[PDB]
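Okay, so here's the structure we're looking at.
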Amino acid sequence: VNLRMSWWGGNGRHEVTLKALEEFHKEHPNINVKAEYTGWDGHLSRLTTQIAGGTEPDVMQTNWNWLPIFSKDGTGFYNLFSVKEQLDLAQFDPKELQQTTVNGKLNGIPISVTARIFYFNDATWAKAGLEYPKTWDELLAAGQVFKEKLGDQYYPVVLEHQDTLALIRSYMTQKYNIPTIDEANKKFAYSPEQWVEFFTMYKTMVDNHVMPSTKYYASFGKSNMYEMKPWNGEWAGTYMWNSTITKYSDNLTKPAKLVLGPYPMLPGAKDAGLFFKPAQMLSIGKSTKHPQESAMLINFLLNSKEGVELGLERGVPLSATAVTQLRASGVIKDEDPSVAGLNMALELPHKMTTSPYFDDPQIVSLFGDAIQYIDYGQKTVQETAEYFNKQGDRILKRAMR
């Protein structure tokens, strides 16, 4: 049995991957793996040619957005439910697998995921004399306290349009317990009025000093957010991916740092309204003359003692046994606020999962546009709500096709 595995990464990744494949082959002398690794540059292009002409590898490292690219109907990759006997699926939360399932077909297993949560500048919150918010109302209320007590340059948080998207959406899910995207009907699922409440919520936050408006943000801003001067502790936190937080925290003015915050909840909410994003995945090529061996390879990499021991080269593993192992071997920390942030999100009550079309960059860019028309007085909240509804449904209609 001669299998092909592709991936992209840098030398570190290639080394630990090549090492894991020798480990696999030791335990499976009959199964050989042709490794087809490159850097990220041109990877998508080489893979696109292979998948389209049916010549892709048995096992591929893939991105979540490869589901929109290659598997809009679920058939672009081999359905992993077909090989559930080689693959210990119970290691991966079914919430997680739902996000890599298209029309009932399991298209990928997430290697690791990241979630957005709050982190705060402790020194600045200490000066505000405020606890971190437990509710949306306390978040709102923090705007006015920062403004009045510390001064007008001070904001509880700073949000780039993408963080705001995810944040107001989380509020919507907590309130309504409803998917943002209707996948059956390939469109946004909010009613007209919910979109107005969405954008009205954004205007409320900005009007109440909770974060910089896009105009105020732009006025500094040729840069990475954490390299901006107000990020002197004037912008006192962030709604951000756990797996990138250290860079943000490190550019603070010591002894100041980022502390993991509470997750704001509506009283009685049963669903925190989270956004877990697969950092990457493993997929079986719709082409494989060897589906079961390909599953054995996936299983080995994600779940086996020897395989897991891949380390954190692709981030903290999603696999429950991997996590357990890498904690026990001291490789995963607990206290490091990037690992701690993920663990907190995982453990919050949550039920709605995110469609990969929600992370479409056209969608993110549209939302950017929408908040700017607001902040620059070009559209009212209402004209913006409708514009987003409409333009967003035209993106989803094309993309989800």
Side-chain angles (χ1 to χ4, degrees), residues 44-45 48 51-52 62-77 98-105 107-108 116 159-173 175-206 213-215 217-218 273-278 352-401:
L44 182 52
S45 215
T48 302
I51 296 167
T62 66
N63 277 326
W64 196 30
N65 74 353
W66 291 27
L67 294 189
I69 292 157
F70 297 116
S71 193
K72 298 167 194 309
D73 62 13
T75 68
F77 294 107
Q98 291 164 16
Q99 306 196 318
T100 58
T101 294
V102 190
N103 307 313
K105 299 173 163 54
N107 276 224
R116 293 173 154 285
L159 305 167
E160 282 195 41
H161 59 280
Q162 68 287 1
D163 314 321
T164 301
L165 180 53
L167 176 175
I168 292 173
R169 172 198 176 228
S170 176
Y171 171 92
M172 296 298 270
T173 308
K175 198 153 158 53
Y176 294 109
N177 292 118
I178 229 69
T180 312
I181 301 166
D182 169 10
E183 278 227 40
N185 291 124
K186 337 261 189 179
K187 66 210 195 174
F188 279 109
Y190 299 156
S191 78
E193 289 77 24
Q194 279 166 332
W195 278 126
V196 172
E197 165 177 14
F198 198 110
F199 284 96
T200 292
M201 181 167 175
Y202 173 75
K203 181 169 162 66
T204 301
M205 289 180 280
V206 166
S213 76
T214 55
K215 186 176 149 170
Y217 191 76
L274 305 174
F275 182 175
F276 294 95
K277 155 165 177 36
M352 299 288 123
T353 61
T354 300
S355 157
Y357 296 100
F358 187 78
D359 210 30
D360 198 339
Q362 314 166 85
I363 302 290
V364 179
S365 181
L366 177 49
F367 179 81
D369 294 339
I371 65 168
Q372 296 175 345
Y373 305 129
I374 306 163
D375 297 332
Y376 291 79
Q378 325 197 150
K379 292 195 193 320
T380 62
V381 165
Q382 182 74 58
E383 306 170 318
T384 299
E386 271 172 68
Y387 183 84
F388 199 93
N389 204 336
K390 225 263 232 200
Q391 301 303 300
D393 280 354
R394 345 251 338 175
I395 296 161
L396 297 185
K397 212 192 150 157
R398 283 187 295 270
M400 294 199 52
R401 99 246 217 354

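The first residue in the sequence is number 1, and the count goes up from there.
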With side chain to side chain contact (heavy atoms under 4.5 Å, CB included) as the criterion, how do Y376 and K215 come out once you've worked through the C-alpha distance, each side chain's angles and the decisive distance to 0.1 Å?
CA-CA 7 Å; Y376 291 79; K215 186 176 149 170; 3.8 Å; yes
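- From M201, atom CE reaches atom CG of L167 across 6.0 Å, with rounding to the nearest 0.5 Å.
- Between the CD atom of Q98 and the CZ atom of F276 there is a distance of 12.0 Å, given to the nearest 0.5 Å.
- Remark: side-chain polar atoms of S170 are not paired, donor with acceptor, to backbone N or O of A166 under 3.5 angstrom.
- Nearest heavy atoms, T100 versus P278: CG2-CG, 4.4 Å.
- Between the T380 side chain and the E383 main chain, a donor and an acceptor come within less than 3.5 Å of each other.
- Proximity of a side-chain donor or acceptor of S365 to a complementary backbone N or O of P361 within less than 3.5 Å is not detected.
- When all heavy atoms of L396 and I363 are compared, the pair lying nearest together is CD2-CD1, 4.1 Å.
- Atom OG of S355 is separated from atom CE of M400 by 5.5 Å, given to the nearest 0.5 angstrom.
- Within the 4.5 Å cutoff, the side chain of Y387 has heavy atoms near those of the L366 side chain.
- For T354, the side-chain contact (heavy atoms from CB on, under 4.5 Å) criterion is met by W64, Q99, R169, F275, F358, not counting sequence neighbours.
- Legend: salt bridge (charged side-chain N to carboxylate O under 4.0 Å, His left out) pairs involving residues 185-206, not counting sequence neighbours, sorted by first then second residue: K203-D207.
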Criterion side chain to side chain contact (heavy atoms under 4.5 Å, CB included) on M352 and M172, from CA distance to verdict:
CA-CA 11 Å; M352 299 288 123; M172 296 298 270; over 6 Å; no
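- Under the 3.5 Å distance criterion, the side-chain polar atoms of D360 are matched with a main-chain donor or acceptor of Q362.
- Partners of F199 under the ring-ring contact (aromatic ring centres under 6.0 Å, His included) rule, at least two apart in sequence or in another chain, are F367, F388.
- Counting heavy atoms from C-beta on, the side chains of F198 and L165 come closer than 4.5 Å.
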Please evaluate residues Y217 and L159 with respect to the criterion side chain to side chain contact (heavy atoms under 4.5 Å, CB included), reporting the C-alpha separation (whole Å), side-chain torsions for both, the decisive distance (0.1 Å), and the verdict.
CA-CA 9 Å; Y217 191 76; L159 305 167; over 6 Å; no
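- Atoms OG1 and CE, from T200 and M205 in turn, are 10.0 Å apart once rounded to the nearest 0.5 Å.
- Side chain of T173 to backbone of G273: no donor-acceptor contact under 3.5 angstrom is found.
- Rounding to the nearest 0.5 Å places OG of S191 at 10.0 Å from CH2 of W195.
- Rounding to the nearest 0.5 Å gives a distance of 12.0 Å between CD1 of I168 and OG1 of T180.
- Summarising the geometry of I181 relative to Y357, their closest heavy-atom pair is CD1-C, 4.0 Å, with the distance given to 0.1 Å.
- Taking both residues in full, the closest heavy atoms of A189 and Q194 are given as O-OE1, 4.3 Å, listed atom of the first, atom of the second, then distance.
- The two residues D375 and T214 have their closest heavy-atom pair at OD2-OG1, 2.8 Å.
- Closest of all the heavy-atom pairs between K72 and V102 is O-CG1, 3.4 Å.
- Checked by atom type and distance alone, the side chain of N107 pairs as donor or acceptor with a backbone atom of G74 at under 3.5 Å.
- Under the 4.5 Å side-chain criterion, counting only non-hydrogen atoms from C-beta, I69 is in contact with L44.
- Using the six-membered ring where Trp is involved, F77 and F70 have ring planes that are perpendicular, over 60° apart on the 30 and 60° scheme.
- Looking only at distances, a side-chain donor or acceptor of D393 sits under 3.5 Å from a matching main-chain atom of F188.
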